[PDB]
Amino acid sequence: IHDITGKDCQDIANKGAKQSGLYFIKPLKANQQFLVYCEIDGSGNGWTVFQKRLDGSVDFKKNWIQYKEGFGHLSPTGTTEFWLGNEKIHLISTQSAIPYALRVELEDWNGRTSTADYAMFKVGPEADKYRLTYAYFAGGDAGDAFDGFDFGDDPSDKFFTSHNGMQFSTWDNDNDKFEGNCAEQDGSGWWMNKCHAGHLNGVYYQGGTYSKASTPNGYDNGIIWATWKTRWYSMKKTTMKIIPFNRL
């Protein structure tokens, strides 16, 4: 664990930290400091990482309190899977009205990486079920899965697969826009609508390709991002990370 601290990884980078790894941060309203993985590039950009997938080592079918508090493992090398915790993500992303951007970074099973950036990304309080909001899609070759996707199953698909303004759901805390239970069916915790076009907390399928026959329910429950790959393609790695917007 590194010595420099601050309110986020950008604050840490601004204080002269140059190495990616584990740091304590203490956002404005945090009761106490907590550990994060900071990705610090050569340009002085310090990203605060709140989600990582890369090998299937952690089960992301976790309950409300587990998603709240965080699970998985932090590593100095950034080679482990984790969810930082909705409370922590809330505290970072809302502090001092600092405008954060979210970057989603995806890696396929062929060595290709793509990104999607969201401006003015915020996660609300537990009182509002950790609602996700953003101002706009700011670009990236992964495409804008949070806008929803035209799957073809029906003309309401896009409205029903968009993620802006969605509350967070777990199997034991259903806050989705479906009569059924998206989180329970797809085995994740996520900002579910009816149900999703982007789903980075989904089931880890080795090799990317899976199909309906692979799933117990018949729905796409993999690590999907529909604007980049078919719903039957599950990413090899994902990163969700935030930085003050001006660093874009």
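Start at 1 and count along the sequence shown; that's the residue number.
Comparing 43-51 with 216-224, the higher mean C-alpha B-factor in the PDB entry belongs to 216-224. As recorded in the PDB entry, 205-213 is the stretch of 205-213 and 53-61 with the greater mean C-alpha temperature factor.
You'll see in the entry that, of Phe71, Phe151, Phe168, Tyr136, the Cα B factor peaks at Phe151. For the set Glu81, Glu87, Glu105, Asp176, the PDB entry puts the maximum C-alpha B factor at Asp176.
Sort the modelled residues of the chain by CA B factor and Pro99 lands in the lowest third.
For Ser20, the recorded CA temperature factor ranks within the middle third of the chain's modelled residues.
Ranked within its chain, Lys26 lands in the middle third, by CA B factor from the PDB record. The entry lists a Cα temperature factor for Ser75 that places it in the middle third of the chain's modelled residues.
Per the deposited record, the Cα B-factor of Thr161 falls in the highest third when ranked against the other modelled residues of its chain.
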